[PDB]
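Q: There's a structure below that I have some questions on.
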Amino acid sequence: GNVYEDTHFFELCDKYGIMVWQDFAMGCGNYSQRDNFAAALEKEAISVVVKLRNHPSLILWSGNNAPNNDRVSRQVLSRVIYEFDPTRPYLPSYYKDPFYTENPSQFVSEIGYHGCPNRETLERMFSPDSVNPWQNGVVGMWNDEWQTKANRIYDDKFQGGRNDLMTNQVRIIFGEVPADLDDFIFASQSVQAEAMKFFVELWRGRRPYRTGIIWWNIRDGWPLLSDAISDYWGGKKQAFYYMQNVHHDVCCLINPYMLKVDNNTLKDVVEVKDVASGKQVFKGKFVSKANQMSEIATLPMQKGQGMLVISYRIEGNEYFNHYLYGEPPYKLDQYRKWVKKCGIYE
Amino acid sequence: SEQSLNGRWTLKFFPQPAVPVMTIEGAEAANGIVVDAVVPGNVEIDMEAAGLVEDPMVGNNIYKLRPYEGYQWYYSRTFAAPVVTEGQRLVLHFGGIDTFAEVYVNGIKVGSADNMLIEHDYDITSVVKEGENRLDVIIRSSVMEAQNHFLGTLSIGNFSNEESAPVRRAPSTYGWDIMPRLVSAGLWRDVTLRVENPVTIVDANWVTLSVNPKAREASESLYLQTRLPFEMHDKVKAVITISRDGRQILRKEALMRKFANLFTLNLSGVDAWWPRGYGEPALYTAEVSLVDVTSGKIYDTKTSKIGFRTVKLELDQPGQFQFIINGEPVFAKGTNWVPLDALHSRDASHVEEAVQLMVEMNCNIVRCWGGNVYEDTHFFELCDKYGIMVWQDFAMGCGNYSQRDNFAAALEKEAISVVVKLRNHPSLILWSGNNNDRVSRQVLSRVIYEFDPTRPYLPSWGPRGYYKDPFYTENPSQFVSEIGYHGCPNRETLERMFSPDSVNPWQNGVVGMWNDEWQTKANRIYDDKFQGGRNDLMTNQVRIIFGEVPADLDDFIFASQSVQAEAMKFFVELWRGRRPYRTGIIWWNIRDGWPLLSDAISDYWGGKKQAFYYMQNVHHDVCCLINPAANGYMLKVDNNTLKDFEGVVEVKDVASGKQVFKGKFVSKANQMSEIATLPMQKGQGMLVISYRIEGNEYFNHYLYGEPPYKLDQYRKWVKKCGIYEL
């Protein structure tokens, strides 16, 4: 759905090492099968491929479509790759529920979860008389200014829709709605941080089988409410720092317990402890093999809603992580003090 | 507003020179004959009304129109300019032009026609002046236009004329085995002047996603496209109304934010559409309108009648499929639709009479043969009212076609035009290409894939001997789409067709030998005078069943029509009686398009050959029929409904008078039920099947024994059974 980024974008991806999965500019749906559209698309496909076929970051072309009888994705675009780029592969096309933990998709591509942006962002997106999300103080009901920033394409007055995804996540994971706007900001960015962190930990945990995970939005493009872990003006949300600790080249994490480390390199100790009680759950050395998920030890099932800390050091450098164990609904003030005693994050 | 330009025009015809006349100056400067024409109409009608040509329906007067195939036709008339406010568009609509023609308005060319099967709309807003406008159409020779193309090997030697391959016309107009060579020409459909506001509906495609007849609900989607100026965006609403007999059932208003929208409706309290037998053909008036939200002015309205039905062809060899309408497997029983008239401008006057022939025979399906033009909307409106499913075949006939770009472009334009026009009728259930063909397995599959993903698309006689031959009784096809038997027309039709000295078929008094007028109306495309051929099927089949061909004409008519009736009845009974394996049978055919000698069961003029009445009793919703067996016979009953029926059936012998069986049968819904095993009968004769259902007595029969028979004995058996008059 995005314009083709210019050469300077791919140049930065070459400089740092970030591979690119470039989709041809077509949205969710199908297009014309006639000669007029296919010719206009081939002119664009040729101009784009020849422009970007010299960057080592680019690894794959895709049509972003649905089927096997589509001329656009199975003929027009495939023929351009066949002649102007025969080196890159082409392709035509609560969070712990079984919809996520049992999905047999080795390479997931569009995993998302809502989260309210920072307060400074809210004060700049909405007028002063509409910074508060609730209409007439009725929680769960959004005013019209929050409805528009939830990506309402037209001026159709309605209640609910997309913003209800923020309340639905806060109610299940934390009990109910925090009337205090700052308490709601902390609750919304925590249900997004804990969810997509659990998703990266789940794909990296079942590594032998899982092949990759690409979450949704790391920087949006307009003053709006979205699944992004950072807003337009640069306000990084809590999900940014959460997913950072589960994205190191060597990361120790816990999956539903099972302490395991995943290594995303070609190069060949850990301390688990409850934050409240302080009892050492496990301590010992580990040998994380290269490009392999090495399991450590099975941890006992700790009773009571709490939180663990996963402190591990490699080559003199220290790293931190955590794992929230138990079952929702939780308590917002209790969770606010769990991460405070953790020391990582605000 | 839509002012009709139909009526009296001025037609001028002349032979086409080496360079076809394509300008109004060359037409007005040529040497020809100027007569008065009638629009809609064919050029043969206009010349016949002035005595220039004789009646092509009588004798061999059809070949006397041969020299006119290389003529040009110059239509001309004058029309007043309708009041056009600024922003509106004046469109000149052509329902049909046969074929290659150059349209002119006020001396300025406003389009070039190249197809007789689709419509042609021309925007003539700028060229129309104030007062006396002039519309001049100049048609050229469709036969000579075929020589502008180089044919392939597979496009030559087919039964379809080589002149038909490189052009987009009805293949039967160049002559077939059941329709004459009357290529004809002219504006054979309506010519009107439509006005279009700046806001006007472009298309209203209704699609039935899912249907629930039991709960009386269905999901109806509407795909609306409209021309909406941006200064009118967010200021016009779309009013969707689905009513039935003045009783509104839905009223949804939506503001036009985009130019194209999908309005998915969840109807409540609505009945599903069903073919004949499986229920009621529930139709609903679905009207859309673009109304201004402020002034309340309505800009354009598109009203139609849709039906909540779903189609799904269930495949497993040709014919290995069964139609599934609304989730239930239906057994198709119907006829093939041939041209209604060689002069196709009169098809609008025959559609109402011909459709009634199917209602009377209770046909659930009708396969519009590819050799014919595309029938207009009424045909499909009647098939919606009476619940007759339609199997439309694209206009292509026996033979392979071109594999090149310029032909696929002309066919794609035709396919998109006819699909968009005929995709809102609940009767139509299948698209088919009659033909590694680029046209059958690509150009048309692509048109269906994008413009109608709701109906299935299909990329796809013999010795004509005894109807009990293993060629028919052992044909493994579950669904036969073409099967017929020859039968001489009624005497009154023969006396109106041939000349007085040619009503008797036997040339020089010897049987089997046909005179030249009978050979002409078999049908032979070209006056190659010869003996035998297609007409010999009549005397051959009569000689098989009755042993010897009668010399008397009235005895020959009764002999031929009886062999045709006993054969066509035997086939429908052989398919309805072998369910659930046999899924349908489409016989050929129900009505002739010319005064001709065919294998149809009724002629052009109204003459119901005896096969029309024999097949009425084997096309009932619940029908008892006897099928042959090795050591005996089998009394069966077939139910083409979703209901159960009880009744009693009594089978007697017509000659002796004894009783063979009498018992109560139970016919479950949508399946053949075996009643009893009738013992073997001695010699030859006829059994009578009488069965009563809800106090109504229905009749049938079975002819036992093996051929040959005696014509006098068979005529007496019929008269005793008392079912069919003689």
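Please note that chains go A, B, ... in the order of the structure tokens, that every chain numbers its residues from 1, and that ligands are numbered from 1 in the order shown.
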Residues of chain A were defined as contacting chain B if any atom lay at most 10 Å from it, counting only C-alpha atoms; please report them as JSON, numbers by chain.
A: {"A": [30, 31, 32, 33, 34, 35, 69, 70, 71, 154, 155, 156]}
Q: If you run DSSP on the backbone here, which positions in segment 100-222 of chain A get alpha helix (DSSP H)? Please write them as a VMD selection string.
A: chain A and resid 100 to 101 119 to 125 144 to 149 164 to 174 181 to 205
Q: Please list as a list in words every residue within 12 Å of residue 243 of chain A, counting only C-alpha atoms and excluding residues in the same chain fewer than 3 positions away.
A: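 Near neighbours after the sequence-gap exclusion: residues 190, 192, 193, 194, 195, 196, 197, 198, 199, 200, 201, 214, 215, 218, 229, 236, 237, 238, 239, 240, 246, 247, 248, 251, 253, 320, 321, 322 and 345 of chain A.
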Q: Include N, CA and C atoms and write out the residues we just selected as a compact mmCIF listing (two decimals), in the first residue's frame.
A:
```
# COMPACT_ATOMS: atom_id res chain seq x y z
N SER A 190 1.10 -1.42 27.45
CA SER A 190 1.56 -2.65 28.09
C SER A 190 0.90 -3.89 27.52
N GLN A 192 0.04 -4.05 24.44
CA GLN A 192 0.71 -4.18 23.14
C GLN A 192 2.14 -4.66 23.30
N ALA A 193 2.82 -4.21 24.35
CA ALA A 193 4.20 -4.63 24.58
C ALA A 193 4.28 -6.10 24.97
N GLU A 194 3.43 -6.53 25.91
CA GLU A 194 3.47 -7.91 26.36
C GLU A 194 3.00 -8.88 25.27
N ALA A 195 2.11 -8.43 24.39
CA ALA A 195 1.58 -9.32 23.36
C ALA A 195 2.63 -9.60 22.29
N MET A 196 3.10 -8.56 21.61
CA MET A 196 4.03 -8.75 20.50
C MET A 196 5.41 -9.19 20.98
N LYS A 197 5.75 -8.95 22.25
CA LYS A 197 6.94 -9.58 22.81
C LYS A 197 6.75 -11.08 22.95
N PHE A 198 5.56 -11.50 23.40
CA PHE A 198 5.24 -12.92 23.46
C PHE A 198 5.24 -13.55 22.08
N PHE A 199 4.92 -12.77 21.04
CA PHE A 199 4.91 -13.31 19.69
C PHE A 199 6.32 -13.55 19.17
N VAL A 200 7.22 -12.59 19.39
CA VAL A 200 8.62 -12.78 19.00
C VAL A 200 9.24 -13.90 19.82
N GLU A 201 8.92 -13.98 21.11
CA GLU A 201 9.44 -15.05 21.94
C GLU A 201 8.88 -16.41 21.53
N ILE A 214 7.47 -11.00 11.12
CA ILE A 214 7.58 -9.56 10.76
C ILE A 214 6.36 -8.84 11.34
N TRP A 215 6.54 -8.13 12.45
CA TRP A 215 5.39 -7.49 13.14
C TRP A 215 4.92 -6.28 12.35
N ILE A 218 6.50 0.12 12.88
CA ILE A 218 7.57 0.48 13.85
C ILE A 218 7.64 2.01 13.77
N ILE A 229 4.40 0.83 17.27
CA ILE A 229 5.16 0.85 18.51
C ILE A 229 5.85 2.20 18.61
N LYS A 236 8.46 7.08 20.76
CA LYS A 236 8.57 5.63 20.88
C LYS A 236 7.73 5.14 22.05
N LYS A 237 6.92 4.11 21.80
CA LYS A 237 6.04 3.56 22.82
C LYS A 237 6.77 2.47 23.61
N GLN A 238 6.10 1.95 24.64
CA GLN A 238 6.74 0.95 25.50
C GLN A 238 7.02 -0.34 24.75
N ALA A 239 6.21 -0.67 23.74
CA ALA A 239 6.46 -1.87 22.95
C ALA A 239 7.78 -1.80 22.19
N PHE A 240 8.32 -0.59 21.99
CA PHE A 240 9.62 -0.47 21.34
C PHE A 240 10.72 -1.05 22.21
N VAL A 246 13.90 -8.64 23.27
CA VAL A 246 13.68 -9.93 22.63
C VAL A 246 14.14 -9.91 21.18
N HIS A 247 15.07 -9.01 20.83
CA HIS A 247 15.57 -8.91 19.47
C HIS A 247 17.09 -8.85 19.39
N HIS A 248 17.79 -9.09 20.50
CA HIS A 248 19.24 -9.18 20.45
C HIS A 248 19.66 -10.38 19.61
N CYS A 251 19.39 -13.94 22.65
CA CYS A 251 18.34 -13.53 23.58
C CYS A 251 17.83 -14.74 24.36
N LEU A 253 14.82 -16.12 26.74
CA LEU A 253 13.41 -15.83 26.96
C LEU A 253 12.72 -17.08 27.51
N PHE A 320 19.00 -7.91 29.79
CA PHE A 320 17.86 -8.14 30.67
C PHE A 320 16.63 -8.50 29.86
N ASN A 321 15.73 -9.23 30.51
CA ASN A 321 14.44 -9.61 29.94
C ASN A 321 13.52 -9.97 31.09
N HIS A 322 12.30 -10.38 30.76
CA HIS A 322 11.33 -10.74 31.79
C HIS A 322 10.28 -11.66 31.18
N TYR A 345 12.77 -0.35 31.84
CA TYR A 345 11.58 0.41 31.38
C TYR A 345 11.17 1.42 32.45
```
Q: Write out as a ChimeraX atom specification each polymer residue whose atoms come within 10 Å of residue 595 of chain B, counting only C-alpha atoms; drop sequence neighbours fewer than 6 positions from it.
A: /B:56-59,178-180,341-342,489,493-494,496-498,521-522,603-605
Q: Please dump the current selection as a PDB file, in the first residue's frame; keep C-alpha atoms.
A:
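Produced file part_22.pdb, reproduced below:
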```pdb
ATOM      1  CA  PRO B  56     -38.687 -16.842 -48.892  1.00  0.00           C
ATOM      2  CA  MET B  57     -40.897 -19.121 -46.763  1.00  0.00           C
ATOM      3  CA  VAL B  58     -42.593 -20.713 -49.803  1.00  0.00           C
ATOM      4  CA  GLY B  59     -40.857 -23.324 -51.933  1.00  0.00           C
ATOM      5  CA  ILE B 178     -32.019 -26.577 -39.200  1.00  0.00           C
ATOM      6  CA  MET B 179     -31.956 -22.918 -40.360  1.00  0.00           C
ATOM      7  CA  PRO B 180     -31.687 -21.404 -43.935  1.00  0.00           C
ATOM      8  CA  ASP B 341     -36.640 -16.425 -37.177  1.00  0.00           C
ATOM      9  CA  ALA B 342     -34.143 -16.192 -40.027  1.00  0.00           C
ATOM     10  CA  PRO B 489     -44.386 -31.572 -40.073  1.00  0.00           C
ATOM     11  CA  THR B 493     -47.601 -26.761 -42.630  1.00  0.00           C
ATOM     12  CA  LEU B 494     -46.627 -28.735 -45.743  1.00  0.00           C
ATOM     13  CA  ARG B 496     -48.297 -23.679 -46.771  1.00  0.00           C
ATOM     14  CA  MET B 497     -44.578 -24.346 -47.335  1.00  0.00           C
ATOM     15  CA  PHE B 498     -44.351 -26.051 -50.718  1.00  0.00           C
ATOM     16  CA  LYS B 521     -36.317 -27.247 -47.074  1.00  0.00           C
ATOM     17  CA  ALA B 522     -34.320 -30.063 -45.428  1.00  0.00           C
ATOM     18  CA  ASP B 603     -42.727 -26.060 -36.680  1.00  0.00           C
ATOM     19  CA  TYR B 604     -42.453 -22.283 -37.295  1.00  0.00           C
ATOM     20  CA  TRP B 605     -46.132 -21.673 -37.745  1.00  0.00           C
TER      21      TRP B 605
END
```
Q: To test your reading of the structure, identify every residue in segment 35-258 of chain B that backbone DSSP assigns to strand (DSSP E or B), and report it as a PyMOL selection string.
A: chain B and resi 35-39+71-80+89-94+98+101-105+108-113+120-123+132-139+186+191-196+200-212+217-227+236-244+247-255
Q: For the residues selected in the previous step, produce a file with C-alpha atoms as a short mmCIF file (atom, residue, chain, number, x, y, z; two decimals), in the first residue's frame.
A:
```cif
data_model
loop_
_atom_site.label_atom_id
_atom_site.label_comp_id
_atom_site.auth_asym_id
_atom_site.auth_seq_id
_atom_site.Cartn_x
_atom_site.Cartn_y
_atom_site.Cartn_z
CA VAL B 35 -37.68 2.06 -50.89
CA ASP B 36 -39.30 2.64 -47.50
CA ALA B 37 -37.95 0.60 -44.58
CA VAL B 38 -39.25 -0.28 -41.12
CA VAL B 39 -36.99 -0.11 -38.06
CA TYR B 71 -25.35 -5.56 -51.53
CA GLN B 72 -25.00 -2.49 -49.34
CA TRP B 73 -27.83 -0.92 -47.35
CA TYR B 74 -28.21 2.82 -46.72
CA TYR B 75 -30.62 3.74 -43.92
CA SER B 76 -31.65 7.38 -43.54
CA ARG B 77 -34.08 9.35 -41.39
CA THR B 78 -34.51 12.69 -39.63
CA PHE B 79 -35.10 13.25 -35.92
CA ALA B 80 -35.74 16.27 -33.72
CA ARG B 89 -25.24 13.64 -22.59
CA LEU B 90 -27.33 12.55 -25.58
CA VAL B 91 -26.64 8.91 -26.47
CA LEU B 92 -27.75 7.16 -29.67
CA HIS B 93 -28.52 3.57 -28.67
CA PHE B 94 -28.49 0.73 -31.21
CA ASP B 98 -26.26 -6.40 -38.98
CA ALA B 101 -21.79 -0.42 -40.60
CA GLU B 102 -20.71 3.26 -40.40
CA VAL B 103 -23.04 5.54 -38.40
CA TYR B 104 -23.36 9.23 -39.30
CA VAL B 105 -25.16 12.07 -37.52
CA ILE B 108 -20.19 13.56 -38.85
CA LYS B 109 -19.27 9.93 -38.24
CA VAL B 110 -20.24 8.96 -34.69
CA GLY B 111 -18.99 5.37 -34.64
CA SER B 112 -18.26 2.22 -36.62
CA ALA B 113 -20.19 -0.98 -35.89
CA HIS B 120 -23.77 0.08 -29.67
CA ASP B 121 -24.00 3.38 -27.77
CA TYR B 122 -22.64 6.60 -29.27
CA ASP B 123 -22.23 9.95 -27.51
CA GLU B 132 -33.57 18.92 -38.33
CA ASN B 133 -30.94 16.32 -37.48
CA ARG B 134 -30.14 13.44 -39.82
CA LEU B 135 -29.12 9.86 -39.01
CA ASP B 136 -27.56 7.86 -41.84
CA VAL B 137 -26.25 4.30 -41.44
CA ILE B 138 -24.35 2.56 -44.24
CA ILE B 139 -24.01 -1.23 -43.99
CA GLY B 186 -30.39 -4.04 -41.23
CA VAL B 191 -32.91 2.52 -32.11
CA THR B 192 -33.48 5.11 -29.37
CA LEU B 193 -32.08 8.37 -27.94
CA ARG B 194 -31.24 8.14 -24.24
CA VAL B 195 -30.49 11.18 -22.07
CA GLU B 196 -27.95 10.92 -19.26
CA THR B 200 -26.35 8.43 -13.84
CA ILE B 201 -26.14 4.77 -12.85
CA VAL B 202 -23.67 2.86 -15.03
CA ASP B 203 -24.36 -0.69 -13.83
CA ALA B 204 -26.29 -2.46 -11.05
CA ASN B 205 -24.91 -6.01 -10.76
CA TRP B 206 -26.93 -8.11 -8.31
CA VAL B 207 -25.24 -11.18 -6.82
CA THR B 208 -26.69 -13.79 -4.45
CA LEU B 209 -24.01 -14.80 -1.95
CA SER B 210 -25.94 -17.29 0.19
CA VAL B 211 -29.60 -18.29 0.39
CA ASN B 212 -31.71 -19.96 3.09
CA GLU B 217 -33.65 -15.19 4.15
CA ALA B 218 -30.84 -14.52 1.69
CA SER B 219 -27.73 -12.37 1.34
CA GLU B 220 -28.04 -10.15 -1.75
CA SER B 221 -25.04 -8.04 -2.76
CA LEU B 222 -25.27 -5.06 -5.11
CA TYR B 223 -22.23 -3.86 -7.07
CA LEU B 224 -23.06 -0.29 -8.11
CA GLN B 225 -20.96 1.82 -10.48
CA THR B 226 -21.99 5.35 -11.39
CA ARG B 227 -20.72 8.46 -13.15
CA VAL B 236 -26.29 12.20 -3.54
CA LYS B 237 -27.85 9.16 -1.86
CA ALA B 238 -28.59 5.71 -3.29
CA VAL B 239 -32.05 4.29 -2.53
CA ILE B 240 -32.21 0.49 -2.68
CA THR B 241 -35.73 -0.95 -2.61
CA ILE B 242 -36.57 -4.66 -2.87
CA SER B 243 -40.35 -5.12 -3.03
CA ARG B 244 -42.79 -7.79 -4.20
CA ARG B 247 -45.03 -4.74 -0.67
CA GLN B 248 -41.68 -3.23 0.28
CA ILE B 249 -39.26 -5.57 2.04
CA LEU B 250 -36.11 -3.44 2.06
CA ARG B 251 -35.40 0.30 1.97
CA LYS B 252 -31.75 1.28 2.47
CA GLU B 253 -30.33 4.75 1.83
CA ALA B 254 -26.57 5.28 1.67
CA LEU B 255 -24.59 8.44 0.95
#
```
Q: Pick the closest to residue 442 of chain B from B:339, B:184, B:146, B:415: which is it, counting only C-alpha atoms?
A: B:415
Q: With distances taken over only C-alpha atoms, which residue among A:191, A:81, A:281, A:269 lies nearest residue 50 of chain A?
A: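 Smallest distance to residue 50 of chain A is found for A:81.
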Q: Between atom CA of residue 11 of chain A and atom CA of residue 216 of chain A, measure the distance and give it in Å to one decimal.
A: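 Straight-line distance from atom CA of residue 11 of chain A to atom CA of residue 216 of chain A works out to 22.4 Å.
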Q: Which residues, written as a tab-separated table (two decimals) with C-alpha atoms, in the first residue's frame, have at least one atom at most 12 Å from residue 63 of chain B, with only C-alpha atoms counted and residues fewer than 2 positions away on the same chain left out?
A:
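result_26.tsv written:
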```tsv
chain	number	residue	atom	x	y	z
B	53	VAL	CA	-38.55	-10.13	-53.72
B	54	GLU	CA	-40.88	-13.07	-53.20
B	55	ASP	CA	-41.78	-14.83	-49.95
B	56	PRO	CA	-38.69	-16.84	-48.89
B	57	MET	CA	-40.90	-19.12	-46.76
B	58	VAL	CA	-42.59	-20.71	-49.80
B	59	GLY	CA	-40.86	-23.32	-51.93
B	60	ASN	CA	-37.42	-22.54	-53.34
B	61	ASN	CA	-37.82	-18.75	-53.15
B	65	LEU	CA	-32.19	-13.73	-52.16
B	66	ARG	CA	-28.64	-14.95	-52.87
B	67	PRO	CA	-27.55	-11.94	-55.00
B	68	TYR	CA	-28.42	-9.55	-52.14
B	69	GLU	CA	-25.62	-10.89	-49.92
B	175	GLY	CA	-27.06	-21.68	-43.38
B	180	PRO	CA	-31.69	-21.40	-43.94
B	181	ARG	CA	-28.98	-19.21	-45.49
B	182	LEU	CA	-30.63	-15.82	-44.93
B	183	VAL	CA	-27.58	-13.66	-43.93
B	517	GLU	CA	-38.66	-28.39	-52.98
B	520	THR	CA	-34.53	-27.45	-50.45
B	521	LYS	CA	-36.32	-27.25	-47.07
B	523	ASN	CA	-32.25	-27.57	-45.47
B	524	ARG	CA	-29.66	-27.19	-48.20
B	525	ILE	CA	-27.68	-23.91	-48.00
B	526	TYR	CA	-26.80	-23.93	-51.74
B	527	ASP	CA	-28.94	-24.95	-54.81
B	528	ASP	CA	-26.74	-28.01	-55.46
```
Q: Do you know which residues are at most 12 Å from segment 115-118 of chain A counting only C-alpha atoms, after dropping those on the same chain fewer than 6 positions away, and could you put them as JSON, numbers by chain?
A: {"A": [124, 125, 131, 133, 146, 149, 150, 162, 163, 164, 165, 166, 167, 168, 169, 170, 181, 182, 183, 184, 185, 186, 187, 188, 189, 190, 191, 192, 193, 194, 195, 196, 217, 219, 220, 223, 224, 225, 226, 227, 228, 229, 230, 231, 232, 233, 234, 235, 236, 237, 238, 239, 240]}
Q: What lies within 8 Å of segment 27-30 of chain B using only C-alpha atoms, ignoring chain neighbours under 2 positions off, as number ranges by chain?
A: B: 14, 21-25, 32, 74, 138
Q: Restricted to N, CA, C and O atoms, what would the selected residues look like written as a PDB file, in the first residue's frame?
A:
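Result written to selection-v1.pdb:
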```
ATOM      1  N   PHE B  14     -27.877  -1.171 -53.215  1.00  0.00           N
ATOM      2  CA  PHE B  14     -27.153  -1.255 -54.474  1.00  0.00           C
ATOM      3  C   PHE B  14     -26.040  -2.279 -54.313  1.00  0.00           C
ATOM      4  O   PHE B  14     -25.593  -2.541 -53.189  1.00  0.00           O
ATOM      5  N   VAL B  21     -18.576   1.369 -50.185  1.00  0.00           N
ATOM      6  CA  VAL B  21     -19.000   2.737 -49.907  1.00  0.00           C
ATOM      7  C   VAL B  21     -19.143   2.908 -48.400  1.00  0.00           C
ATOM      8  O   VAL B  21     -19.871   2.155 -47.742  1.00  0.00           O
ATOM      9  N   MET B  22     -18.445   3.901 -47.846  1.00  0.00           N
ATOM     10  CA  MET B  22     -18.458   4.136 -46.411  1.00  0.00           C
ATOM     11  C   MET B  22     -18.777   5.574 -46.027  1.00  0.00           C
ATOM     12  O   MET B  22     -18.757   5.894 -44.834  1.00  0.00           O
ATOM     13  N   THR B  23     -19.072   6.442 -46.989  1.00  0.00           N
ATOM     14  CA  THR B  23     -19.374   7.839 -46.722  1.00  0.00           C
ATOM     15  C   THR B  23     -20.773   8.171 -47.225  1.00  0.00           C
ATOM     16  O   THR B  23     -21.317   7.499 -48.104  1.00  0.00           O
ATOM     17  N   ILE B  24     -21.351   9.232 -46.656  1.00  0.00           N
ATOM     18  CA  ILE B  24     -22.701   9.626 -47.042  1.00  0.00           C
ATOM     19  C   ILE B  24     -22.725  10.172 -48.464  1.00  0.00           C
ATOM     20  O   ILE B  24     -23.760  10.117 -49.139  1.00  0.00           O
ATOM     21  N   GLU B  25     -21.598  10.704 -48.946  1.00  0.00           N
ATOM     22  CA  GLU B  25     -21.554  11.221 -50.310  1.00  0.00           C
ATOM     23  C   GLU B  25     -21.572  10.085 -51.325  1.00  0.00           C
ATOM     24  O   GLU B  25     -22.318  10.132 -52.311  1.00  0.00           O
ATOM     25  N   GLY B  32     -28.785   2.954 -57.250  1.00  0.00           N
ATOM     26  CA  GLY B  32     -29.498   1.905 -56.550  1.00  0.00           C
ATOM     27  C   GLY B  32     -31.003   2.084 -56.559  1.00  0.00           C
ATOM     28  O   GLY B  32     -31.540   2.847 -57.368  1.00  0.00           O
ATOM     29  N   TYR B  74     -28.367   1.438 -47.155  1.00  0.00           N
ATOM     30  CA  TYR B  74     -28.215   2.823 -46.715  1.00  0.00           C
ATOM     31  C   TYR B  74     -29.505   3.260 -46.026  1.00  0.00           C
ATOM     32  O   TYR B  74     -30.481   3.622 -46.689  1.00  0.00           O
ATOM     33  N   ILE B 138     -24.763   3.162 -42.981  1.00  0.00           N
ATOM     34  CA  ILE B 138     -24.346   2.558 -44.245  1.00  0.00           C
ATOM     35  C   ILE B 138     -23.736   1.198 -43.925  1.00  0.00           C
ATOM     36  O   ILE B 138     -22.602   1.116 -43.440  1.00  0.00           O
TER      37      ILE B 138
END
```
Q: What is the distance between atom CA of residue 439 of chain B and atom CA of residue 68 of chain A, in Å to one decimal?
A: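 According to the coordinates, atom CA of residue 439 of chain B and atom CA of residue 68 of chain A are separated by 19.5 Å.
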